[PDB]
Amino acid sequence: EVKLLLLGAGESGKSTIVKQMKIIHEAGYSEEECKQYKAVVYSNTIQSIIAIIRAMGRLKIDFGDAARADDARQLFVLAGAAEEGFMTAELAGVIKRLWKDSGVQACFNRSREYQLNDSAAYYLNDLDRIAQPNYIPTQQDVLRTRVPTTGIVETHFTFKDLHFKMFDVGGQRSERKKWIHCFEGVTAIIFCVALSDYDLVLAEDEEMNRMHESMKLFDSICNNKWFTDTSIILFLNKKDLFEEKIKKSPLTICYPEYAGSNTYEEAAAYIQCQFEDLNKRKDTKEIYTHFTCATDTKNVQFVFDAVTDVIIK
């Protein structure tokens, strides 16, 4: 029996790693389970397009084509059905036209200025598929869903003859008071960090850089004497989103002293060193760092395979 505890700031990818265990070690999500997520996919989609439209008013961005104004009105009139797990052909057309608008896209490309689900584009770009009648969420669709974690979730699964008891909690500031309820008998901690968070601010505090928040938390956890004998695994997650973002958003926004280029390898390594340097006992405390894309089953399968070997050893 092994106890794994997933920690990290909000939206770092903790719950997604949990979902992967079911896909990798279990038979994946069944049709009935996938159908349960259909309303989540729809909710996520409607919420995302509305978030952008909301930002347009805040940032004073006009629609590319005046005709979209009518579609925007219809969006709210028809939104309700989507919230109930139903996607009419009419609603799909409205969302599709809005998503393709140049003004909506201009705002979309300025998302760091507000709050937007990372899976926004994933679903919006696949509207035709998810809008089909009798649509059934794929494994990737489930993995891409956004469901805030409040409280503690316990998941069980067997791997390499070991009985894993995996726990994940909420990462927002208001949820951290609950972390201590999971501190007993932890075999290993998997601390998740959203690499693509470097130019974002906390949803609970617009004055705090998301990455700096993750650093303070890791510093606290990694150096907690209570975990001296607990394996510390560091997941520098969302490497896929980071790879694209680093090309156009200065890392100096988060780390003023970064002197490297706008490239993945140099920046990724820099961030890794920033976190690993927080370890106050480098000689007696080992940090096992892995770069991950939590929604990529193949990546997680191999990374988790490596993580389990370390745990076994």
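Numbers follow the displayed sequence, beginning with 1.
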- [ ] With reference to the PDB entry, specify whether the mean Cα temperature factor is higher for 100-108 or for 82-90.
- [x] 82-90
Task: Mean temperature factor over C-alpha atoms, higher-scoring stretch between 194-202 and 157-165 - done: 157-165
Open item on the list: Quiz for you: based on the deposited Cα B-factor, which of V303, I17, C293, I24 is highest?
Closed with: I24
- [ ] Among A267, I52, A259, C34, single out the one with the highest C-alpha B factor in the record, please.
- [x] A259
Task: Among modelled residues of the same chain, the CA temperature factor third for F227 - done: middle
TODO: Consider only the C-alpha atoms of the modelled residues in this chain, order them by B-factor as the entry records it, and name the third containing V307: lowest, middle or highest.
DONE: middle
Task: Ranked C-alpha temperature factor of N117 among modelled chain residues, by third - done: middle
Task: Entry-reported Cα temperature factor of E207, expressed as the chain third it lands in - done: highest
TODO: Would you please rank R173 by its C-alpha temperature factor against the other modelled residues of its chain and give the third it falls in: lowest, middle or highest?
DONE: middle
